[PDB]
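J.: This is the structure, below, for whatever I ask next.
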Amino acid sequence: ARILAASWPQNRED
Amino acid sequence: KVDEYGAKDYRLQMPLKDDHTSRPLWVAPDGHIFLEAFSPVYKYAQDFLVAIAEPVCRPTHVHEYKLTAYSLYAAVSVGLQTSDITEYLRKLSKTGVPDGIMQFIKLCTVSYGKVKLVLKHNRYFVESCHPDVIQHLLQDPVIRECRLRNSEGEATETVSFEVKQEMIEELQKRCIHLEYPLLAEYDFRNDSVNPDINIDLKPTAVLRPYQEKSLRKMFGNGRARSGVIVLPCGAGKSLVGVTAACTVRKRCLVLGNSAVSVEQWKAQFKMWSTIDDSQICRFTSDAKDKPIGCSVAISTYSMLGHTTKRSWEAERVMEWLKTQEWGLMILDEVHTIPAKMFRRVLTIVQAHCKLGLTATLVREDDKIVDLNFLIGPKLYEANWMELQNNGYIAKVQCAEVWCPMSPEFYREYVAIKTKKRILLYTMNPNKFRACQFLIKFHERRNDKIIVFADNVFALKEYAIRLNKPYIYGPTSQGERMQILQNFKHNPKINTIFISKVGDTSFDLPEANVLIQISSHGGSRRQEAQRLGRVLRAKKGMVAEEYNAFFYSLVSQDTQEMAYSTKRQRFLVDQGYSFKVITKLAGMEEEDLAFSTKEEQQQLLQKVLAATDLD
Amino acid sequence: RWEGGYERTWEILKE
Amino acid sequence: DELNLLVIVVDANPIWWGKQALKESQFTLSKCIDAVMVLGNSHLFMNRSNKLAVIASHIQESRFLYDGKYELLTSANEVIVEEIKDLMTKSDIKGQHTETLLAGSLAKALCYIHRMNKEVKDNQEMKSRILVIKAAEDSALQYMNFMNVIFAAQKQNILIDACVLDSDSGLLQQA
Amino acid sequence: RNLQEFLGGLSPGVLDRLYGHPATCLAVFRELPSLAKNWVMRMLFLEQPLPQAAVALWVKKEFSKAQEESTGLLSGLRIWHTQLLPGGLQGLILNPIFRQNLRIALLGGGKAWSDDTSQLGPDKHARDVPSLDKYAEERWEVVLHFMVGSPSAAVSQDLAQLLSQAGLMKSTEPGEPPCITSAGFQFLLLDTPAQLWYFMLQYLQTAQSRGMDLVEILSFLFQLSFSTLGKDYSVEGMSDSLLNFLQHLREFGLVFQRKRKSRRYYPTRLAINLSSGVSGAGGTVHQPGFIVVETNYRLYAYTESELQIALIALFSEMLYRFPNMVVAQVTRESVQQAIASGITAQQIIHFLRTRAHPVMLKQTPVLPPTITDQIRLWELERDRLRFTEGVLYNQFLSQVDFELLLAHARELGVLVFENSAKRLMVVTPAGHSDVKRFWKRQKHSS
Amino acid sequence: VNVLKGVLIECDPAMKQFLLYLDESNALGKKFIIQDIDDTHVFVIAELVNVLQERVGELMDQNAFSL
């Protein structure tokens, strides 16, 4: 779930 | 003149006057018109623009309209001259009207209403009050061929002359070249060859103000005029057609896409019109009725356009139709008319007044310029947002959900460059999980769910894994009707999977949640019409601005992004908003399929097993 | 029988 | 948007201050006036949004009091000094009334606060507090009016601070 | 950077010299926290040092952090100081010069900074407050147009030299107008009070370059902060450096002066709020919003000045240029071009919110959330590729050695990325030499 | 020791797979993607990363529409 939930639009938003 | 930033320097050609706030209109010399909705004279300006200008975009604040020769001809046919229109434009334009637009209006309006085409005794005559124009047009070689001639080849001698039926559509295009468009005027009250029909309007039928305005605009000076009226799906378009047919009182012909459309039109006629059932006949391939005494005939374009040999009874019905003169003809879904076979149906059928109804007119093949003469100019088009405010239609909540592509699929997605690439992004396991979560949420919310997927394999796989009814190509009509009734009545089943056939092949039951997974490839109008037809107004949530839910599942970093962006342009031009949702709240708590990555590997194996054949 | 005529030209007037 | 209002009511009873002057004590009315002016200047100094209202409580009536030094502070001091001198020089004892009009000054201060709050725009909230200095003896006949003022102040939720100098008053304690 | 941050980084001598101005003390007190204000008011007449424990016992235990913040702010500004109180105590006592000037300002006395300019009588060519405000707007408009490079704005060369020193515009080729950098774009996208505050901060950072006294300039700015709008004051009584600074401010429009020889000068509201920086002036009555944003990413501007047209064209594609209207479209290409120019998404969003039309203000959201989210996504698209140069270590034969080297690298602070599972790591190229030497020395000791 | 000097690139796994496809198919030409270090981190020689960024930008440009 780590890959899917935070692939593109999370490493910059979070 | 163009500035370095690309803006058109229209300051010099537009003399601005001090009446800024009072006058709401901007009239650029390029033909575009800009209107401010917050202006107190917005309603008057809106009414004036709709009559004369074809809208381009209608967002919340500033609306953009376009001026076209067809729009000018429609305005002239309404009964407005150049002087009053110019006066109203100058009273509403913030700046002075450029002379280029003024000369453009002057040239078009004078040339309108000159040439008249009359269909009498199953014969087409071209006549005008100016024989000089008629004599001048005789020199045209195309007009020479279109003009009907004697059996010996001699040309036939307000003087009128017979014109070949097979060359009628050719003559329509030639009128544009000669700048003398034909006039679609019918003797609404002076008709005597075709007797009236015992058909009236039931008291249960109520005409909405915009519907009544459109009908009155169509009936210019009390005479029915051929044209096209655009109304949103579910706004009683069939009711408007029935009302127009009752008003005409003459022979009526209606054409639909399939037998379901024919049945719906017949039901609406029985629901609103007073015509006896014996005078209503269905010229369908399965349910056939005798054409004798058929006051109103409902059929399909392909039935009339069947180039292959037809059945013996169908041949007799076609012969009777050709012999019979039809005062009024009704065509549904005008957007498919630009097809050559369906256009040939117009030549085949002899009708005096032709009215076309549909939801959209932006063909992806842009074959609409010829359509402007196949039937006529667009008579009316209602504002979707305004009707939403009036409560006539549901205020749809639209959203685009971005489903990340799995790395295994993504590498294969980039590797594949042919048309087989569709299966990869249409079968995203993450998209599957998102759709499953949405279905669970809406079932817990007790909502009607319609899942649309153009791809047959993807739709079937999704429906099978989610254990929901699936509708596809064959879909035997008895089973299709049973599934529809179960969706309407059974509360246990509220999720129906529908293939591409859900656009016009059958009637869409009223629902509230519509999820689009697969795309045609850039059908900007087809899916918009499908969305309009799927969702209708629902009582109980009228006060809320979000009573209908539409979701578009789009694969990130794929070509589906471009398809969605191109497609939603039409809806954005209507002011419809689209919110991008990358994260779905509640998926973490809820348990969904393909939780483990190995399950996604199994799905990848299954998809790869489905080769380019599927 | 209201289809005979309908116009809003006079509504477009200076006030 | 924080508007802090500090309304100051000064017990200007001439009898008590005259008796104190007869005692030749270190503290006089001049020192009290200087302290009040300094406190008001500091209150306006702490923030622009802060506002100051000074009303003199005298037996005859209640008087609305309001070079290297700040212009606004200098103007306020000059106005205050002018008003107090005008009141005291014209304060003629005509009658046996000795108890200061405490209730009337409080009522006028509350009316001024209400007018300011109405004049205060909705963009800002005007917090109000009242400080009163007690020098002379308390008034018994003003008990009902004092209680009515207390109830109105509590209804408007305005803090009331009492500064007793010589004679204690249980009414101030209850307020 | 706020005013106190610049003040807190000054040398003790500059702070002591500024303390000699009562207006400076008033400004410093006004900029203090409420608890700090109460502490200063308590210590205004305290001629004896205060034990630190006694000072600390005043505040609540929960508000100790706020108490410590105020104490640290007061210590950094050198408002007070610690003294070796007899008996081993460390008393706290305010600055005698600062305290004396504060008492002079509040209690009275001293001497007025301005010598009552009414001596010259009424001004024959006096202006009005709206005229002064308009002139202040015009001057900054000229400055911004010159920064854009339009020929209609002609300013002094030294003014452009300040920008070159500020780095907003770099003169790559002499003779030609300098090209404005990304920092210049960010400055342009800032709000006008923010632009003025940043420009004045940059001027202060290079004040010593012009040989101008920092103490005099700061005190003069503080005095102008408390000045009355629409009121003139005496030019006389100021040093030649102060006269030059006043002329510079007149060129900026902050100060109105009909002639260079005039003895009067009218401070403007911009100069009044200049000391406060960006905050303080929460009720700024700016120009009404002329920008209307539609759901189709279309912008309609009810403006005619080329400054706003250029600002809009910085990140949008112009479509039509009407005499009283400008029609443009928000496009991904233009937004990406602006981002490559150094423009951030937040600056565009804030600027559009500032120029929000009153019709759009009726909506509960100031701007359509979908458009803002699309702009944010376009901004995030640019920085998808993260470039980080470094040296990769991947030949670790022992886990213990890898852990030891990782610990040493984290001690050195040169670690870029670590992978304990595969025993792989990335270090900075500058720190690569140190880590390489440490690794070799470990083998040497083995 | 045998260690290479280049630039570390951190991206989402989708971009990692795209870069792996480019390196394997030799669309970039010569194999400048010498070695992968982590599921989201790669080590690229700086001589080709500039061109590689252009290729990545071309990919996202195609996954969009031109207005």
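Chains: A, B, ... in order of the structure tokens. Residues: from 1 per chain. Ligands: from 1, in order shown.
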Give me the residues within 12 Å of residue 371 of chain B as a PyMOL selection string, counting only C-alpha atoms and dropping any in the same chain fewer than 6 places off.

T.: chain B and resi 70+169+172-173+227-228+334-340+342-343+346+356+361-363+377-378

J.: Hey, what's within 12 Å of residue 187 of chain B if we count only C-alpha atoms and toss same-chain stuff fewer than 6 positions away? As a list in words, please?

T.: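 Skipping anything fewer than 6 positions along the chain leaves residues 117, 118, 119, 120, 193, 194, 219, 220, 221, 222, 223, 224, 225, 226, 248, 250, 327, 328, 352 and 353 of chain B.
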
J.: Next, write the just-selected residues to a file, as a compact mmCIF listing (two decimals), in the first residue's frame, keeping C-alpha atoms as the atom set.

T.:
```txt
# COMPACT_ATOMS: atom_id res chain seq x y z
CA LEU B 117 -38.19 26.66 -52.25
CA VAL B 118 -41.71 25.22 -52.43
CA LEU B 119 -42.63 21.52 -52.20
CA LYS B 120 -45.97 21.06 -53.96
CA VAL B 193 -53.49 19.51 -49.86
CA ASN B 194 -52.75 17.84 -46.52
CA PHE B 219 -43.11 29.56 -35.34
CA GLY B 220 -42.01 32.77 -37.03
CA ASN B 221 -45.10 34.89 -37.78
CA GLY B 222 -47.27 31.85 -37.08
CA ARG B 223 -45.61 29.72 -39.78
CA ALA B 224 -43.52 26.66 -38.95
CA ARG B 225 -39.92 27.05 -40.11
CA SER B 226 -37.38 24.25 -40.48
CA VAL B 248 -48.63 21.52 -36.90
CA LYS B 250 -50.33 17.84 -40.51
CA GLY B 327 -46.16 18.39 -43.91
CA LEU B 328 -43.94 17.86 -40.86
CA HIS B 352 -42.25 20.17 -46.11
CA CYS B 353 -41.21 21.12 -42.56
```

J.: Compare D:23, D:43, D:63, D:69 by their minimum atom-to-atom distance to chain E, counting only C-alpha atoms, and give me the closest one.

T.: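 Of the candidates, the smallest distance to chain E is held by D:69.
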
J.: Using only C-alpha atoms, select each residue of chain B with any atom at most 7 Å away from an atom of chain E, and give the selection as a ChimeraX atom specification.

T.: /B:5-11,16,59-61,572-573,575,577-579

J.: Give me, as a list in words, all polymer residues having an atom no more than 10 Å from residue 49 of chain F, counting only C-alpha atoms and skipping those fewer than 3 positions away in the same chain.

T.: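 Final neighbour list, sorted by chain and number: residues 387 of chain E; 6, 7, 8, 9, 32, 33, 43, 44, 45, 46, 52, 53, 54 and 55 of chain F.
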
J.: List every residue of chain D that DSSP, applied to the backbone of this structure, assigns to strand (DSSP E), and report them as number ranges by chain.

T.: D: 2-11, 51-57, 62-64, 125-134, 159-164

J.: For residue 418 of chain B, find every residue with an atom within 12 Å (counting only C-alpha atoms), except residues of its own chain fewer than 6 positions away, and show them as a count of residues only.

T.: 4

J.: Atom CA of residue 212 of chain E and atom CA of residue 110 of chain E, how far apart in Å?

T.: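 Going from atom CA of residue 110 of chain E over to atom CA of residue 212 of chain E, I get 25.8 Å.
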
J.: Skip residue 161 of chain D itself and residues of its chain fewer than 2 positions away, then list as number ranges by chain all residues within 12 Å of it, counting only C-alpha atoms.

T.: D: 6-9, 128-134, 150, 153, 158-159, 163-164, 171-175

J.: From the set F:61, F:39, F:12, F:24, which residue has the shortest atom-to-atom contact distance to residue 12 of chain A, counting only C-alpha atoms?

T.: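 Closest candidate: F:12.
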
J.: Tell me, as number ranges by chain, which residues lie within 12 Å of residue 420 of chain B, counting only C-alpha atoms; anything in the same chain fewer than 2 positions away does not count.

T.: B: 412-418, 422-427, 455, 607-614

J.: Give me the residues within 12 Å of residue 2 of chain A as number ranges by chain, counting only C-alpha atoms and dropping any in the same chain fewer than 4 places off.

T.: A: 6-8, 10-11; B: 588, 595-597; F: 12-13, 39-40

J.: Find the residues in chain C near chain B: any atom within 7 Å counts, using only C-alpha atoms. Write them as an NGL selection string.

T.: :C and (3-6 or 11-12)

J.: Could those residues be written to a file, using N, CA and C atoms, as a CSV table (one decimal), in the first residue's frame?

T.:
```
chain,number,residue,atom,x,y,z
C,3,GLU,N,-48.1,30.6,-30.4
C,3,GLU,CA,-47.0,30.5,-31.3
C,3,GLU,C,-47.0,31.5,-32.4
C,4,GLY,N,-48.1,32.3,-32.6
C,4,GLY,CA,-48.2,33.2,-33.7
C,4,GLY,C,-47.1,34.2,-33.7
C,5,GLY,N,-46.7,34.8,-32.6
C,5,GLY,CA,-45.7,35.8,-32.5
C,5,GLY,C,-45.2,36.0,-31.1
C,6,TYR,N,-43.9,36.3,-31.0
C,6,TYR,CA,-43.3,36.6,-29.7
C,6,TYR,C,-42.0,37.4,-29.9
C,11,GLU,N,-38.3,45.4,-24.9
C,11,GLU,CA,-37.6,45.2,-23.6
C,11,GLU,C,-36.2,45.7,-23.7
C,12,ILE,N,-35.6,45.8,-24.9
C,12,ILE,CA,-34.3,46.3,-25.1
C,12,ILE,C,-34.5,47.8,-25.4
```

J.: Report the residues of chain F whose backbone DSSP state falls under helix (DSSP H, G or I), written as an MDAnalysis selection string.

T.: chainID F and resid 13:25 46:62
